[PDB]
Each structure stands twice: as C-alpha cells, then as structure tokens.
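Below is structure_12.txt, which holds compact mmCIF, C-alpha atoms and all ligand atoms.
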# COMPACT_ATOMS: atom_id res chain seq x y z
CA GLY U 3 -132.52 -167.05 10.36
CA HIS U 4 -134.17 -163.66 9.67
CA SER U 5 -135.54 -161.40 12.45
CA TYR U 6 -136.94 -157.84 12.21
CA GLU U 7 -135.69 -157.19 15.81
CA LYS U 8 -132.07 -158.21 14.96
CA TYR U 9 -129.39 -157.00 12.52
CA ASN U 10 -129.25 -159.47 9.62
CA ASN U 11 -126.20 -160.13 7.40
CA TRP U 12 -126.44 -159.66 3.59
CA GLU U 13 -127.00 -163.44 2.99
CA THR U 14 -130.02 -163.24 5.39
CA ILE U 15 -131.35 -159.90 3.90
CA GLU U 16 -130.98 -161.25 0.31
CA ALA U 17 -132.89 -164.48 1.24
CA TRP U 18 -135.48 -162.26 3.01
CA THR U 19 -136.06 -160.10 -0.17
CA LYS U 20 -136.85 -163.34 -2.09
CA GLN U 21 -139.02 -164.81 0.75
CA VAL U 22 -141.05 -161.61 1.53
CA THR U 23 -141.83 -161.24 -2.26
CA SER U 24 -142.90 -164.93 -2.60
CA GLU U 25 -145.01 -164.77 0.62
CA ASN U 26 -146.73 -161.52 -0.58
CA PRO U 27 -146.92 -161.64 -4.46
CA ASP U 28 -149.99 -159.36 -4.68
CA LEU U 29 -148.19 -156.63 -2.66
CA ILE U 30 -144.42 -157.03 -3.46
CA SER U 31 -142.35 -157.54 -6.66
CA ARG U 32 -138.52 -157.82 -6.62
CA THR U 33 -136.00 -156.72 -9.30
CA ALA U 34 -132.19 -156.33 -9.50
CA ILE U 35 -131.45 -152.70 -10.58
CA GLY U 36 -127.75 -153.48 -11.12
CA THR U 37 -124.67 -155.06 -9.54
CA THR U 38 -122.13 -153.86 -6.95
CA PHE U 39 -118.33 -153.57 -7.48
CA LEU U 40 -117.95 -157.15 -6.09
CA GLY U 41 -120.84 -158.36 -8.32
CA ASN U 42 -123.65 -158.59 -5.73
CA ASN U 43 -127.23 -157.94 -6.98
CA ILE U 44 -128.74 -154.60 -5.87
CA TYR U 45 -132.31 -155.66 -5.03
CA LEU U 46 -135.25 -153.28 -5.08
CA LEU U 47 -138.72 -154.05 -3.72
CA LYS U 48 -141.81 -152.48 -5.34
CA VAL U 49 -144.31 -152.43 -2.45
CA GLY U 50 -147.99 -151.70 -3.14
CA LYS U 51 -151.20 -153.04 -4.72
CA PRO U 52 -150.58 -153.03 -8.54
CA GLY U 53 -152.56 -150.59 -10.70
CA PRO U 54 -152.27 -148.24 -13.72
CA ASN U 55 -150.42 -144.84 -13.63
CA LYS U 56 -149.54 -145.14 -9.92
CA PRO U 57 -147.39 -142.39 -8.29
CA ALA U 58 -144.39 -143.62 -6.27
CA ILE U 59 -142.07 -142.89 -3.31
CA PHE U 60 -138.43 -144.05 -3.49
CA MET U 61 -136.65 -145.04 -0.28
CA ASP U 62 -133.11 -146.33 0.14
CA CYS U 63 -131.25 -147.72 3.16
CA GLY U 64 -127.64 -148.75 3.69
CA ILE U 65 -125.86 -146.09 1.56
CA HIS U 66 -123.33 -146.13 4.45
CA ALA U 67 -122.21 -149.62 5.54
CA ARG U 68 -121.90 -149.10 9.37
CA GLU U 69 -125.43 -147.53 9.68
CA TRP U 70 -127.05 -150.93 10.53
CA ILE U 71 -130.27 -149.35 11.91
CA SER U 72 -131.03 -147.92 8.40
CA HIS U 73 -130.85 -151.43 6.79
CA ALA U 74 -133.08 -152.64 9.70
CA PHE U 75 -135.61 -149.83 8.99
CA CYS U 76 -136.15 -150.71 5.28
CA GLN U 77 -136.93 -154.30 6.38
CA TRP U 78 -139.28 -152.94 9.12
CA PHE U 79 -141.10 -150.73 6.57
CA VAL U 80 -141.77 -153.81 4.35
CA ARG U 81 -142.75 -155.73 7.56
CA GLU U 82 -145.33 -152.97 8.34
CA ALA U 83 -146.72 -152.93 4.78
CA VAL U 84 -147.36 -156.73 4.66
CA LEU U 85 -148.65 -156.96 8.28
CA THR U 86 -150.96 -153.87 8.43
CA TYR U 87 -152.29 -153.78 4.80
CA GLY U 88 -156.05 -154.37 5.01
CA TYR U 89 -155.76 -154.04 8.84
CA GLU U 90 -154.96 -150.31 9.19
CA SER U 91 -156.73 -147.48 7.26
CA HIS U 92 -153.67 -145.34 6.29
CA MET U 93 -151.27 -148.15 5.18
CA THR U 94 -154.19 -149.63 3.13
CA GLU U 95 -154.81 -146.23 1.41
CA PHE U 96 -151.01 -145.73 0.85
CA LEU U 97 -150.42 -149.13 -0.82
CA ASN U 98 -153.58 -148.76 -2.99
CA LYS U 99 -152.78 -145.22 -4.23
CA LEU U 100 -148.91 -145.30 -4.17
CA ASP U 101 -146.02 -147.71 -4.84
CA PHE U 102 -142.94 -147.79 -2.56
CA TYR U 103 -139.61 -148.45 -4.23
CA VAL U 104 -137.66 -149.81 -1.25
CA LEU U 105 -133.91 -150.37 -1.78
CA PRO U 106 -133.02 -152.28 1.46
CA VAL U 107 -129.20 -152.20 1.08
CA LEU U 108 -127.52 -150.01 -1.58
CA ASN U 109 -123.89 -150.47 -0.44
CA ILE U 110 -124.01 -154.31 -0.17
CA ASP U 111 -120.17 -154.74 -0.44
CA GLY U 112 -119.50 -152.26 2.37
CA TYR U 113 -122.23 -153.92 4.50
CA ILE U 114 -120.60 -157.39 4.06
CA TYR U 115 -117.27 -155.79 5.16
CA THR U 116 -118.87 -154.43 8.41
CA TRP U 117 -119.99 -158.01 9.23
CA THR U 118 -116.68 -159.69 8.24
CA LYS U 119 -113.72 -157.28 8.76
CA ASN U 120 -114.49 -153.70 9.94
CA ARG U 121 -117.75 -152.77 11.80
CA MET U 122 -116.99 -149.04 11.26
CA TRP U 123 -116.64 -149.23 7.43
CA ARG U 124 -118.62 -146.49 5.61
CA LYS U 125 -117.78 -146.36 1.88
CA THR U 126 -118.08 -148.79 -1.07
CA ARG U 127 -115.43 -151.51 -1.58
CA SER U 128 -114.11 -150.31 -4.99
CA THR U 129 -110.37 -149.91 -5.77
CA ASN U 130 -108.69 -146.51 -6.37
CA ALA U 131 -105.77 -145.72 -8.72
CA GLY U 132 -102.37 -144.80 -7.22
CA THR U 133 -103.30 -146.06 -3.69
CA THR U 134 -104.29 -149.20 -1.73
CA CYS U 135 -107.06 -147.08 -0.08
CA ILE U 136 -110.49 -148.55 -0.78
CA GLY U 137 -113.94 -147.09 -1.43
CA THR U 138 -115.92 -144.00 -2.40
CA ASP U 139 -118.65 -142.41 -0.28
CA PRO U 140 -121.90 -143.09 -2.31
CA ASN U 141 -123.51 -140.03 -0.64
CA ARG U 142 -120.71 -137.84 -2.21
CA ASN U 143 -120.85 -139.66 -5.60
CA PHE U 144 -124.15 -138.26 -7.05
CA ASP U 145 -124.13 -135.57 -9.79
CA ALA U 146 -125.32 -132.61 -7.62
CA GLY U 147 -122.58 -130.03 -6.92
CA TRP U 148 -120.25 -133.07 -7.15
CA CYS U 149 -116.92 -133.02 -5.24
CA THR U 150 -117.19 -129.40 -3.96
CA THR U 151 -116.46 -128.38 -0.29
CA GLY U 152 -117.76 -131.09 2.09
CA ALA U 153 -116.51 -133.96 -0.10
CA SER U 154 -112.88 -135.06 -0.28
CA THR U 155 -110.65 -135.50 -3.35
CA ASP U 156 -108.53 -137.92 -1.22
CA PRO U 157 -109.35 -141.65 -1.87
CA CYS U 158 -108.21 -142.47 1.73
CA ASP U 159 -110.94 -140.17 3.15
CA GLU U 160 -114.40 -141.16 4.42
CA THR U 161 -116.15 -138.49 2.25
CA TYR U 162 -114.22 -139.38 -0.97
CA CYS U 163 -116.37 -138.20 -3.92
CA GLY U 164 -114.97 -140.85 -6.32
CA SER U 165 -113.07 -140.55 -9.65
CA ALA U 166 -116.17 -138.98 -11.32
CA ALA U 167 -119.88 -138.40 -10.51
CA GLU U 168 -121.63 -141.83 -10.58
CA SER U 169 -118.24 -143.68 -10.75
CA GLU U 170 -119.71 -146.30 -8.38
CA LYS U 171 -121.89 -149.02 -9.95
CA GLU U 172 -124.21 -148.75 -6.88
CA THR U 173 -124.61 -144.93 -7.33
CA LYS U 174 -125.12 -145.34 -11.12
CA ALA U 175 -127.71 -148.15 -10.55
CA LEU U 176 -129.77 -145.96 -8.12
CA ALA U 177 -129.50 -142.84 -10.38
CA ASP U 178 -130.43 -144.89 -13.52
CA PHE U 179 -133.52 -146.35 -11.79
CA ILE U 180 -134.80 -142.90 -10.65
CA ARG U 181 -134.10 -141.38 -14.13
CA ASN U 182 -135.98 -144.31 -15.81
CA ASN U 183 -138.97 -143.77 -13.42
CA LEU U 184 -138.86 -139.92 -12.98
CA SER U 185 -142.49 -139.36 -14.15
CA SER U 186 -143.86 -141.56 -11.30
CA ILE U 187 -141.43 -140.77 -8.39
CA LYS U 188 -142.97 -137.96 -6.25
CA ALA U 189 -140.76 -138.37 -3.14
CA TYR U 190 -137.21 -139.50 -2.31
CA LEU U 191 -136.23 -140.76 1.17
CA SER U 192 -132.69 -141.76 2.20
CA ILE U 193 -132.37 -143.61 5.55
CA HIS U 194 -129.17 -143.10 7.54
CA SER U 195 -127.78 -142.87 11.13
CA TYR U 196 -127.08 -141.23 13.58
CA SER U 197 -127.86 -137.78 15.31
CA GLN U 198 -131.72 -137.83 15.01
CA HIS U 199 -132.22 -135.45 12.05
CA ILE U 200 -134.67 -134.94 9.18
CA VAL U 201 -132.75 -133.11 6.46
CA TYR U 202 -134.00 -131.69 3.12
CA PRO U 203 -132.08 -129.89 0.24
CA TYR U 204 -129.59 -128.28 -0.12
CA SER U 205 -126.40 -129.93 1.19
CA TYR U 206 -124.09 -129.30 -1.83
CA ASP U 207 -124.20 -125.49 -1.29
CA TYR U 208 -125.54 -122.89 1.18
CA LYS U 209 -128.89 -122.30 -0.57
CA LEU U 210 -132.57 -122.75 0.31
CA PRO U 211 -134.87 -124.80 -1.99
CA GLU U 212 -137.81 -123.38 -4.06
CA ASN U 213 -140.33 -124.95 -1.59
CA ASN U 214 -138.23 -124.27 1.59
CA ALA U 215 -141.27 -123.11 3.67
CA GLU U 216 -143.25 -126.24 2.60
CA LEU U 217 -140.34 -128.65 3.38
CA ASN U 218 -139.63 -126.86 6.71
CA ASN U 219 -143.33 -127.23 7.79
CA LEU U 220 -143.47 -130.88 6.60
CA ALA U 221 -140.19 -131.83 8.40
CA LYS U 222 -141.43 -129.96 11.57
CA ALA U 223 -144.69 -131.96 11.50
CA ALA U 224 -142.86 -135.29 10.72
CA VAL U 225 -140.50 -134.61 13.71
CA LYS U 226 -143.60 -133.87 15.90
CA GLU U 227 -145.34 -137.14 14.76
CA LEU U 228 -142.18 -139.20 15.49
CA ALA U 229 -141.92 -137.67 19.03
CA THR U 230 -145.53 -138.73 19.99
CA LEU U 231 -144.49 -142.40 20.51
CA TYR U 232 -141.45 -142.19 22.88
CA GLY U 233 -140.59 -138.49 23.08
CA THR U 234 -137.51 -139.00 20.82
CA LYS U 235 -136.16 -135.53 19.93
CA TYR U 236 -135.34 -134.85 16.27
CA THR U 237 -133.99 -131.63 14.77
CA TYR U 238 -134.68 -130.61 11.15
CA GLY U 239 -133.91 -128.22 8.29
CA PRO U 240 -131.87 -127.77 5.09
CA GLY U 241 -128.77 -130.00 4.98
CA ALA U 242 -126.00 -127.35 4.79
CA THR U 243 -127.84 -125.36 7.51
CA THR U 244 -128.61 -128.17 10.06
CA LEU U 245 -125.73 -130.57 9.40
CA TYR U 246 -122.79 -129.54 7.15
CA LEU U 247 -121.86 -129.26 3.45
CA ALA U 248 -122.33 -132.77 1.97
CA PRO U 249 -122.18 -132.42 -1.87
CA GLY U 250 -122.98 -135.25 -4.28
CA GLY U 251 -125.93 -136.48 -2.23
CA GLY U 252 -128.79 -138.57 -3.59
CA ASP U 253 -131.41 -136.31 -1.94
CA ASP U 254 -130.08 -133.12 -3.63
CA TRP U 255 -129.69 -134.99 -6.95
CA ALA U 256 -133.29 -136.36 -6.72
CA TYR U 257 -134.52 -132.82 -5.85
CA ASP U 258 -132.76 -131.30 -8.90
CA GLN U 259 -134.37 -134.04 -11.09
CA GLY U 260 -137.75 -132.53 -10.07
CA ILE U 261 -138.48 -134.69 -6.98
CA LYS U 262 -139.96 -131.87 -4.82
CA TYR U 263 -140.14 -133.89 -1.58
CA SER U 264 -136.61 -135.05 -0.78
CA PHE U 265 -135.49 -136.10 2.70
CA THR U 266 -132.56 -137.69 4.54
CA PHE U 267 -133.47 -139.34 7.85
CA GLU U 268 -130.66 -139.72 10.43
CA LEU U 269 -131.99 -142.28 12.93
CA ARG U 270 -131.13 -143.06 16.63
CA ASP U 271 -129.13 -142.22 18.69
CA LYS U 272 -127.45 -138.90 19.65
CA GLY U 273 -123.96 -140.38 20.29
CA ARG U 274 -124.20 -142.80 23.29
CA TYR U 275 -123.99 -145.89 21.00
CA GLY U 276 -123.66 -144.09 17.65
CA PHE U 277 -123.54 -146.55 14.71
CA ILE U 278 -123.38 -149.50 17.15
CA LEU U 279 -127.04 -149.01 18.25
CA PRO U 280 -128.09 -152.14 20.23
CA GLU U 281 -130.60 -154.66 18.78
CA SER U 282 -132.88 -153.97 21.82
CA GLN U 283 -133.52 -150.48 20.28
CA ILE U 284 -134.47 -151.69 16.70
CA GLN U 285 -138.22 -152.07 17.50
CA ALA U 286 -138.55 -148.61 19.21
CA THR U 287 -136.44 -146.77 16.55
CA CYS U 288 -138.31 -148.39 13.61
CA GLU U 289 -141.83 -147.91 15.09
CA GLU U 290 -141.26 -144.17 15.78
CA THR U 291 -139.62 -143.70 12.31
CA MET U 292 -142.73 -145.39 10.76
CA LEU U 293 -144.88 -142.48 12.11
CA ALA U 294 -142.65 -139.83 10.40
CA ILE U 295 -142.46 -141.86 7.10
CA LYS U 296 -146.29 -142.45 7.08
CA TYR U 297 -146.86 -138.70 7.79
CA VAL U 298 -144.61 -137.72 4.80
CA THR U 299 -146.39 -140.43 2.68
CA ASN U 300 -149.86 -139.04 3.63
CA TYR U 301 -148.72 -135.47 2.80
CA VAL U 302 -147.31 -136.57 -0.63
CA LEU U 303 -150.72 -138.23 -1.42
CA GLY U 304 -152.55 -134.97 -0.60
CA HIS U 305 -150.03 -132.91 -2.65
CA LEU U 306 -149.53 -134.95 -5.88
CA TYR U 307 -147.83 -133.22 -8.86
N1 LIG E 401 -127.39 -135.82 1.44
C1 LIG E 401 -127.15 -135.06 2.65
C2 LIG E 401 -127.03 -136.02 3.80
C3 LIG E 401 -126.02 -135.56 4.82
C4 LIG E 401 -125.88 -136.50 6.01
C5 LIG E 401 -125.08 -137.81 5.88
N2 LIG E 401 -124.76 -138.25 7.23
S1 LIG E 401 -124.05 -139.61 7.73
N3 LIG E 401 -125.21 -140.73 7.69
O1 LIG E 401 -123.71 -139.42 9.09
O2 LIG E 401 -123.05 -139.95 6.77
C6 LIG E 401 -123.81 -137.62 5.07
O3 LIG E 401 -122.85 -137.01 5.49
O4 LIG E 401 -123.84 -138.21 3.90
ZN ZN E 402 -156.73 -142.00 10.70
ZN ZN E 403 -125.20 -142.18 6.30
ZN ZN E 404 -128.59 -129.96 13.10
ZN ZN E 405 -145.72 -151.52 14.15
ZN ZN E 406 -151.44 -128.22 0.98

How would this structure read if it were set down as structure tokens?
Ligand SMILES: NCCCC[C@H](NS(N)(=O)=O)C(=O)O
Ligand SMILES: [Zn+2]
Ligand SMILES: [Zn+2]
Ligand SMILES: [Zn+2]
Ligand SMILES: [Zn+2]
Ligand SMILES: [Zn+2]
Amino acid sequence: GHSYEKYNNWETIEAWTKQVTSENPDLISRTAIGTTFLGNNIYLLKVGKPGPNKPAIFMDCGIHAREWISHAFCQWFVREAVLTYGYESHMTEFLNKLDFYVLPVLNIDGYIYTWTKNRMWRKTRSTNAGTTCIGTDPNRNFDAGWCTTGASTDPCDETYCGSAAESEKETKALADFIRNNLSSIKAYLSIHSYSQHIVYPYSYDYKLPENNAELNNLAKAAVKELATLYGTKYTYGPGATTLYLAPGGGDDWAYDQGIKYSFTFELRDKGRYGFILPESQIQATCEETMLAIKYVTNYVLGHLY
C-alpha cells in the first residue's frame, strides 16, 4: 500500500512507478535506464506534456540509501505534477514547456538494505576485491575530480570512490542517460538529506564556477522561497565552501558536461532526527522543497540556453 505521507519500500515504489504512469499516460512515461548490481531495474519517469524539441530538468533521489526523505520527495514531486497540472498556473506552464526526468531511487540495492538489514546504510551493495567490505559511494563515483581529497580509497569507508570512475552500474546508468540527452538537459538536481543546504559546484576542488554570481543569487532566492512556508532555515553556496570536499559528485559532473544549473538539495532536518526523519514531517518537508524546486524550474525557463 503506497502513501505519499509514508516511507515506502522498493517493492511499493516500483509498483507506484508503474501505477502513476498508467494512471497518467498523457503526462508520464516510464523507462528502465539500466540495472543495479543486484539486477534491479533503475526506473526513470519522464514527467510533462509531450511535444517537439522540449528542454528538460533532470532530478535524482536516493543516491544515498539512508536518506529516506529524498526518495519521498521524488514521489511527492510526481504527486504535485499529476495533481496540480491544469489546476495551478506555474506547474501547467512547467509541464507544457519542460520535461522532468525524475529518477525516484538511484541506489535501489542500498535502499532495500536500509529496509531489511541496516537503516544507516549509505553506499551501493557491490562487492570489493581483497575485502568483505561492501559498497561504493555513488556521489564519489562520478568522473569529476574523481577520488581526490574528500573521497576515500578505502572500500570499508562511507565515501569510497570505487575501483574506477563509473565503476557502479547505477552511476554508469545515470551518467549514460545524461550524456545521451545532453542537448535537452538544462538543469541537474540531486536530492539528499540532511543539514538543510542548497549546494552548487564545485565540490571536487576549492574553485568557484563560471556563473558563481548567478548560482549564488538563484540559490539565495530558492532558500528564501522555501522559508516562506514554515520558516525553515536553509544555508547555500558552492559545495567545497559550504559543506566539504566531495569529489566525484553527479552535480559537478553534470556541470562540467555543460549543465549550467546544477544543485544538490540537503533536506530536513539539522540533526535532531538526522536521516531518521519521522513520517509526520514528510508533508511539510516536501511542500516547502516544492517551492524551491518550482522557483529553480521557473528561473531555468526564463534563462534557456
Ligand atoms: N555533490 C556534492 C554533494 C555533497 C553533499 C553530500 N551529502 S550527504 N547527503 O550528507 O552525503 C555528499 O557528501 O555526497
Ligand atoms: Zn503566479
Ligand atoms: Zn546524500
Ligand atoms: Zn554550510
Ligand atoms: Zn502541495
Ligand atoms: Zn536573467
């Protein structure tokens, strides 16, 4: 039984991706962009009213297994699109002019493991040579300043970069999709938790992006829009500056592919519950995040390239 106000297991999310597509065929199409290490299908939802030469925004959730609110947000975004299309001016304009490539759960194997064995699991579930230690951090596995300071060469570590850039089938599947659709993808959004942050490149090195002033002003405004609903306080800025060095990230990789608007959203909370954010907070977290996402979406539409 699926619920947008509850954390759903992979079996439930998978059945939901099929159901939401069948219930809304004129607004959603579903494809498998590859398979995980354990052979699970990596589903991707193309959300929007079909049309020729449409620009797109890519958004992923569940890169890190324990960040259950991120998986919940991708489902809420799709919920919003199907419920408010034709009922709300902005969402109607967004789905007519843009397509949203929503990847609800990238690290499916890790997510299954948080539900079955270890709630605090972060990485993939792939094996490593010369150790019984499992998994690679997908957010340290992209080919952008890969395995430098901020990523670990130790397979037993939470920030393990992997054997090579894109060693993970999940990472390769995401990277291959973006590369195959580079001409249409105008924005990249990666949903994570926690610490209430809106981060933009760079994280692989201490350097500011070409459009730093633009990204700083956009993140500032997105943070402001999010705060209007419940007064939730978000901080923002370049990754290495506001957070820490985190090389091999999807956001930095997407940015270096030419995707000018690249953001990582760290959702609720600030540490009280951490990754174990209660279900009672899903609605509030998702609704306020919607305001920041819609603001970024509206900006991208007014600044197409
Ligand atoms: N691509 C830069 C994103 C950095 C933040 C992210 N934070 S988290 N969700 O706590 O793991 C991470 O360390 O991968
Ligand atoms: Zn308006
Ligand atoms: Zn994360
Ligand atoms: Zn910070
Ligand atoms: Zn709503
Ligand atoms: Zn402008």

Name each residue within 6 Å of ligand LIG 401 (chain E), counting all atoms listed in the file, as a CSV table (one decimal) with C-alpha atoms, keeping the file's coordinate frame.
chain,number,residue,atom,x,y,z
U,141,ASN,CA,-123.5,-140.0,-0.6
U,194,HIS,CA,-129.2,-143.1,7.5
U,195,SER,CA,-127.8,-142.9,11.1
U,196,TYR,CA,-127.1,-141.2,13.6
U,205,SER,CA,-126.4,-129.9,1.2
U,241,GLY,CA,-128.8,-130.0,5.0
U,248,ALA,CA,-122.3,-132.8,2.0
U,251,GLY,CA,-125.9,-136.5,-2.2
U,252,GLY,CA,-128.8,-138.6,-3.6
U,253,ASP,CA,-131.4,-136.3,-1.9
U,266,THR,CA,-132.6,-137.7,4.5

Box dimensions and centre (Å, one decimal) enclosing range 50-54 of chain U, axis-aligned, 6 Å extra per side, as JSON:
{"center_x": -150.3, "center_y": -150.6, "center_z": -8.4, "size_x": 16.6, "size_y": 16.8, "size_z": 22.6}

Test item: residues lying within 8 Å of ligand ZN 406 (chain E) with all atoms listed in the file, as a list in words: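 Counting all atoms listed in the file, the residues within 8 Å of ligand ZN 406 (chain E) come out as residues 301, 304 and 305 of chain U.
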
Selection: 8 Å around residue 152 in chain U, all atoms listed in the file, excl. self and same-chain fewer than 5 positions, as an NGL selection string: :U and (161 or 206 or 246-249)

Protein and nucleic acid residues within 12 Å of ligand ZN 405 (chain E) (all atoms listed in the file) as an NGL selection string: :U and (6-7 or 75 or 78-87 or 89-90 or 93 or 231 or 284-293 or 296)

Go ahead and dump the residues you just picked, C-alpha atoms, as a short mmCIF file (atom, residue, chain, number, x, y, z; two decimals), keeping the file's coordinate frame.
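Result file again-v2.cif:
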data_model
loop_
_atom_site.label_atom_id
_atom_site.label_comp_id
_atom_site.auth_asym_id
_atom_site.auth_seq_id
_atom_site.Cartn_x
_atom_site.Cartn_y
_atom_site.Cartn_z
CA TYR U 6 -136.94 -157.84 12.21
CA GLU U 7 -135.69 -157.19 15.81
CA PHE U 75 -135.61 -149.83 8.99
CA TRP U 78 -139.28 -152.94 9.12
CA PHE U 79 -141.10 -150.73 6.57
CA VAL U 80 -141.77 -153.81 4.35
CA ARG U 81 -142.75 -155.73 7.56
CA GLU U 82 -145.33 -152.97 8.34
CA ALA U 83 -146.72 -152.93 4.78
CA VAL U 84 -147.36 -156.73 4.66
CA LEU U 85 -148.65 -156.96 8.28
CA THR U 86 -150.96 -153.87 8.43
CA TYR U 87 -152.29 -153.78 4.80
CA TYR U 89 -155.76 -154.04 8.84
CA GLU U 90 -154.96 -150.31 9.19
CA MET U 93 -151.27 -148.15 5.18
CA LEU U 231 -144.49 -142.40 20.51
CA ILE U 284 -134.47 -151.69 16.70
CA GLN U 285 -138.22 -152.07 17.50
CA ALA U 286 -138.55 -148.61 19.21
CA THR U 287 -136.44 -146.77 16.55
CA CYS U 288 -138.31 -148.39 13.61
CA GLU U 289 -141.83 -147.91 15.09
CA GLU U 290 -141.26 -144.17 15.78
CA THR U 291 -139.62 -143.70 12.31
CA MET U 292 -142.73 -145.39 10.76
CA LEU U 293 -144.88 -142.48 12.11
CA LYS U 296 -146.29 -142.45 7.08
#

Cut-off 9 Å, only C-alpha atoms and all ligand atoms, neighbours of ligand ZN 404 (chain E) as a list in words: residues 197, 198, 199, 200, 201, 236, 237, 238, 239, 240, 241, 243, 244, 245 and 246 of chain U

Shell of 9 Å around ligand ZN 403 (chain E) (all atoms listed in the file), written as a count of residues only: 18

Pick from U:169, U:230, U:151, U:5 nearest to residue 139 in chain U, counting all atoms listed in the file: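 Between U:169, U:230, U:151, U:5, the residue approaching residue 139 in chain U most closely is U:169.
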
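Put simply, CA of residue 160 in chain U is 8.3 Å away from CA of residue 137 in chain U.
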
Gap from atom ZN of ligand ZN 402 (chain E) to CA of residue 76 in chain U - Å, one decimal: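 Separating atom ZN of ligand ZN 402 (chain E) from CA of residue 76 in chain U is a distance of 23.0 Å.
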